[PDB]
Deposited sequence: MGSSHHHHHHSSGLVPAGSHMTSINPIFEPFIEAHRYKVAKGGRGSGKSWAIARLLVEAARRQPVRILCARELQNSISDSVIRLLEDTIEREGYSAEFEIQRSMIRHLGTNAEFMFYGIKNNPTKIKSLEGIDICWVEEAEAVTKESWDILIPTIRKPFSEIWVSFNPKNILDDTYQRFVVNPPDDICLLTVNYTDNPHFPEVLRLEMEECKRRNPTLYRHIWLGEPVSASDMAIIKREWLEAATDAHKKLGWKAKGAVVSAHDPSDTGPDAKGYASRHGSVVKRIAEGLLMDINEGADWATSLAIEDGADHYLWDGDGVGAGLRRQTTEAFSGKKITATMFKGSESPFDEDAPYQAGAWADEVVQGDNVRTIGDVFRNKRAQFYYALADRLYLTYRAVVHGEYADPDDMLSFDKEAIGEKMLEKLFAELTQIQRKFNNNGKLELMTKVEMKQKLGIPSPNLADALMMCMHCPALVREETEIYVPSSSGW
């Protein structure tokens, strides 16, 4: 397979990146087998996680060997392949599984890291210094996930010396099989964005129109712990009722500048969702509750206020399509709020982005900022799983062009259509949390000006 010829020459790093069905795995297994037939090489096949030997490439190597008719040249055991002439040897370990064993390995000439998109930073940091024999090589094959993932950073963005980087897709595969073609064509039609990621190997990256950067979010995680301040203020919760579609319902809650809960609501109708979200608000001790009223949520006001009966909890229907709040007020932090934002959705997503950016500059560049103007994610309270789902949605929120030079964002419907992603309801819920239109004191009425 001609494109791989540079892997035959000596290079410290040989990295093959591409999408599904590119032929990169078959090529590498073939080259490694042919090398083993000729040189007494010790070859480590490594991956992030190996729960059983069947997760490794040993079966692929056996098939290659059998395919080319080399069977009689080899010894084959459960977890090892050895060439009878050269004494070359394949071995197979997971990095996360037994790091200790990997560090102890000696005389390794070639390490193949397969499915390397899964390989974490700490894994590379364990693995790479163990491959220390002079002229030893590290071969890497992976299908890019995110541009910010360590593997993509390490070999594409900030690449080491002496790297042979090949980029391959199914069109570079002369024996691209029908079973994969059908699946590829089907995917190309149903979801073009997913197709380019899976089949053309394009990593997930930030649109140049995105408004919130991932590095801000990472800095913002536990920023209150990093910078040494406590949550102070009212509790605000918000609910995104989603649609009648499959998309999960959203809930977010914060205590002042510290977000404390992010939740998804699955397999609920509209009333179940409202009941779920209002119950969370009560459990979170909310002083203020908002929900998206622009769609299916427009009828939820009665159920919502009833759920709060007897409790001093403000209840506000958020309509993101409306003119911005206080639109005639001068813009801050002759130009009015109305000149700047098309609508409430943009207004409050930018309030969120601004808080996040300010926190990022505080954490990363030591620039002082009032905690009140920042936003921290309480990782422990929220849980890593929900936090990551939220972040994956926030990094996709994007600005679109506007013919009055106003700030405007792609709607949820537009995102779903163009990006092929589920509605970003966790992100919208958090956005609505940024808004506090209802004035209240323990000693007074609730006043909505």
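Novice: Missing C-alpha coordinates: which residue stretches of the deposited sequence does that apply to?
Specialist: Missing from the model are residues 1-24, 358-369, 486-490.
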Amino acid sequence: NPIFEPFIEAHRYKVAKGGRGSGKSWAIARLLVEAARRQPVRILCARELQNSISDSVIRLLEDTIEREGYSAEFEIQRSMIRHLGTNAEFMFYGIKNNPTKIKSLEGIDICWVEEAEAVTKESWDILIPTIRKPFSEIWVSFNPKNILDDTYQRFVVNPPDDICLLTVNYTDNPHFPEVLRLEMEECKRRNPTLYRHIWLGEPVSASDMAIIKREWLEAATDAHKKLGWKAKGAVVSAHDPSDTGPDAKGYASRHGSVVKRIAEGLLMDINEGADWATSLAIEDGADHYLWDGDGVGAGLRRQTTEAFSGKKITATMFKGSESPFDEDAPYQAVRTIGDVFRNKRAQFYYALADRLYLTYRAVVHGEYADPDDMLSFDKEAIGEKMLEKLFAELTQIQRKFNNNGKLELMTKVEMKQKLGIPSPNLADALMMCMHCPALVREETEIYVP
From here on, numbers count along this sequence of modelled residues.
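Novice: Go through the other compared entries with residues on either side of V334 and state whether a third or more give it no coordinates.
Specialist: Across the other compared entries, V334 is absent from at least a third.
Novice: Check the entry's C-alpha temperature factors for 385-393 and 49-57, then say which stretch has the higher mean.
Specialist: According to the PDB entry, the answer is 49-57.
Novice: Report the stretch with the higher mean CA temperature factor, choosing between 316-324 and 92-100 on the basis of the entry.
Specialist: The entry gives the higher C-alpha B-factor average to 92-100.
Novice: Say you rank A329, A351, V235, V179 by Cα B-factor from the PDB entry; which sits at the top?
Specialist: In the PDB entry, the greatest C-alpha B-factor among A329, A351, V235, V179 is found at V179.
Novice: Just to confirm, going by the entry's C-alpha B-factors, which of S141, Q347, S205, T359 comes out highest?
Specialist: Among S141, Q347, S205, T359, the highest C-alpha B-factor in the entry belongs to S205.
Novice: Using the B-factors in the PDB entry, rank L419's C-alpha atom against the chain and give the third, lowest, middle or highest.
Specialist: Ranked within chain, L419 CA B lands in the highest tercile.
Novice: Compared with the other modelled residues in the chain, in which third is the CA B-factor of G107?
Specialist: According to the entry, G107 has a C-alpha B-factor in the chain's highest third.
Novice: If you rank the chain by CA B-factor, which third does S376 end up in: lowest, middle or highest?
Specialist: Ranked within chain, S376 CA B lands in the lowest tercile.
Novice: Name the third of the chain's ranked CA B-factors that contains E367, choosing lowest, middle or highest.
Specialist: Its C-alpha B-factor, which the entry lists for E367, ranks in the highest third among residues of this chain.
Novice: Splitting the chain's C-alpha B-factors into thirds, which one does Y289 fall into?
Specialist: It belongs to the lowest third of the chain when residues are ordered by C-alpha B-factor.
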